[PDB]
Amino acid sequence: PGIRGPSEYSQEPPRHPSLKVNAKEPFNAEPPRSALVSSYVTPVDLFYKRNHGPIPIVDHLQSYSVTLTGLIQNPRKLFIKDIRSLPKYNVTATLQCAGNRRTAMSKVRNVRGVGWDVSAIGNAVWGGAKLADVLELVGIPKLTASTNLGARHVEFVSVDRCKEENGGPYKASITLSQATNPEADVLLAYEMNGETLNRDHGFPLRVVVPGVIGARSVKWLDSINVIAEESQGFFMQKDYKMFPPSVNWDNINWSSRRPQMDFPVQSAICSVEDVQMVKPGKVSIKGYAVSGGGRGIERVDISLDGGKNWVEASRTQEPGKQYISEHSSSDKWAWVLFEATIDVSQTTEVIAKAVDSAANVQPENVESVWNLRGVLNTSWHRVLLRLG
């Protein structure tokens, strides 16, 4: 034991004051819209924070370890020294919380849960060890779907403490396939944006699962548990699922839906507020677009006339570099930043929507995708510009 998960909030780390706080305990927060999109790589200070419990505190860093157990030949135990000695990779990858844009779905028909605007999302450079390498180390070769021992899934278990698990830890799981395929870039990350991982973001070690919803990138690892069936954790089985609009608290059956992993094409306008005063002339419409599953953004469309007509915005990743969608130069796990300059002379509704590399679209209206958990609001984002 080099680390503990507190059961109360007295030793929480400090955060940037500019953060819009959606829940204090546990800590759930997001940057102001106008700062989200200022840079392609999200500074740690401004990277959104989503926690189900108190933040773990490390008393003694050497003596911290991740335990490799379950359907494995030799249940080893891996120290932070051991993880840093594996071949290091740097993966650029956006974490988007499945809760992103929930508040606007709630406004239409109420949802229980923490409120989020348009910034429950962040892009960072993750440094660490590939999970496939770590599993090779324990007798599970690369590109394996299942083993002779019955292994099919990999469960990541935290050291934190959540009310929902009655004081137990946050957990998630992924398939052995995904875990064991180095091209899927699942990372045991000990670094974020070139610095040592912070407390808020999972120090000393988190999993990062690219192209998958935020909720699966488990922070503050206690164990990596190789198992026969998917994790039966509360947050795999009784959350983070996409129900149809007909489903409510009286008819919900949690086993009727599969756990959400991949996520669909998303965009939002960030350079202006949902209802914003402007001076006549040129206004810069800037924002983000992403899709899960390693799919890029082929197109961002912007409309000034209630969606009769669209004009195409520009798209960019690393600044200077030209963005190309299904391409070896592109950062396939990361968002894409969009900009369009428009001419305003009158009170104007502006709308943004994105289309990904697989030609997937965003739903026109929240109503068609409205869901009980208030997740994956990918409605066309509509903003209103007014003449002040």
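All residue numbers refer to positions in the sequence shown, first residue = 1.
Mean CA temperature factor is higher for 130-138 when stretches 130-138 and 295-303 are set side by side in the entry. Comparing 78-86 with 109-117, the higher mean C-alpha B-factor in the PDB entry belongs to 78-86. The entry lists C-alpha B-factors for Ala172, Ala289, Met261, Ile72, and the highest of these is at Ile72.
For the set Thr103, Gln232, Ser256, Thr144, the PDB entry puts the maximum C-alpha B factor at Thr144. Compared with the other modelled residues of the chain, the Cα B-factor recorded for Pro363 ranks in the lowest third.
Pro204 sits in the middle third of its chain by CA B factor, as recorded in the PDB entry. Annotation for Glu30: CA B-factor lies in the middle third of the chain's modelled residues.
Per-chain ranking of the deposited C-alpha B factor places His153 in the middle third. Sorting the modelled residues of the chain by their CA temperature factor places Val44 in the middle third.
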